[PDB]
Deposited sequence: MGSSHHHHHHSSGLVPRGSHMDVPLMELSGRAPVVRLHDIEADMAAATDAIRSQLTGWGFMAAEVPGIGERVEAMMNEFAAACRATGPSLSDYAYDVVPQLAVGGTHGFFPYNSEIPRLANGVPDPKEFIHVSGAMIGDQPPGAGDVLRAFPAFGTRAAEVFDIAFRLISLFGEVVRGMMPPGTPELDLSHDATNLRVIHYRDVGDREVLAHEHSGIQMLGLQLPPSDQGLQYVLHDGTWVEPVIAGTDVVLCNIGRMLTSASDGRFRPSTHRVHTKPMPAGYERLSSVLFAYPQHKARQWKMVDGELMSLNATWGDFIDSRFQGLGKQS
């Protein structure tokens, strides 16, 4: 599978100028979606923050002073929503916006492992700003009258993985953060696979998820990908589960009965 270098080629988006740099990168990002099926930006300084986060998650996975103390089935969950917490074995954690706000006891995993938790909250905030502006770019590619994506902070979650087939996300958008190793591969519009060069870089990839495929009525296919020789993290952005779905069919906004929560089930 051919390598796809992105360092120095994707638009640069600086940590303390995200909104303005994303505005300037808009046309480049549109052309990536049109020409690749996924999007990319280089974010100077993100790699350091993500590597530290990942490396501290790896340390926490071996501690006993223990992450399975915060397995999803013993962590307070929202009445309506997904499932944050730790998923033992290949082993990963879901750090939701709600969890970062302690919505109460749900933030205990971060109090128990506050070095990892401080990095994860930081990376969540950056990734959520990025992905919200990626969503604005995609929205601007959609017909006039397209509603705002309305990504929800509480329902969005950051996944961090410790030991790892073709698939796409179910949610609105995903933001792949630079992994520890190479192997993540994406399919182009012609059915050929490429391997973005992202390990140990500052490059983030933005994925179309199946919720946005549905909302855009098929205009944007999911950013299908797979992993093939180890740590990794990705933000999964969701709208509010209780909001009713919508769909832009042939230029017409149609409000459906089902909710976004129904889409997942």
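* Deposited sequence positions missing from the model - stretches, numbered from 1, in order -> Those parts of the chain that were deposited but carry no coordinates are 1 to 22, 88, 113 to 126, 141, 203 to 211, 276, 278 to 284, 321 to 330.
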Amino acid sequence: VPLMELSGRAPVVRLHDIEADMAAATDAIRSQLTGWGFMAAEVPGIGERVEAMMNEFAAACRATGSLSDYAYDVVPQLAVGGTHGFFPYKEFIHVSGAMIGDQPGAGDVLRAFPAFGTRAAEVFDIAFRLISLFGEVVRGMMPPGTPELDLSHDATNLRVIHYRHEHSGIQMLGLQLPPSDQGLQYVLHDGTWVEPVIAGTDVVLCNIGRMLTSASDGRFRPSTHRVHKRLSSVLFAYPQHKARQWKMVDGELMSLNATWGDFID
From here on, numbers count along this sequence of modelled residues.
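* Would you tell me which stretch averages the higher CA B-factor in the PDB entry, 15 to 23 or 248 to 256? => Result of the comparison: 248 to 256.
* Asked: When the CA B-factors of 176, 146, 156, 103 are compared as recorded in the entry, which is the largest?
  -> Within the set 176, 146, 156, 103, 146 shows the top C-alpha B-factor.
* Asked: Should residue 117 be placed in the lowest, middle or highest third of its chain by the C-alpha B factor in the entry?
  -> Tercile = lowest for this residue's CA B-factor.
* To do: Relative to the other modelled residues of the same chain, rank the CA B-factor of residue 139 and answer lowest, middle or highest third.
  => Tercile = highest for this residue's CA B-factor.
* Asked: Sorting the chain's CA B-factors, does residue 82 end up in the lowest, middle or highest third?
  -> It belongs to the highest third of the chain when residues are ordered by C-alpha B-factor.
* To do: Could you tell me which third, lowest, middle or highest, the C-alpha B-factor of residue 216 occupies within its chain?
  => Residue 216: CA B-factor falls in the highest third of its chain.
* Looking at the C-alpha B-factor of residue 107, is it in the lowest, middle or highest third of its chain? -> Residue 107: CA B-factor falls in the lowest third of its chain.
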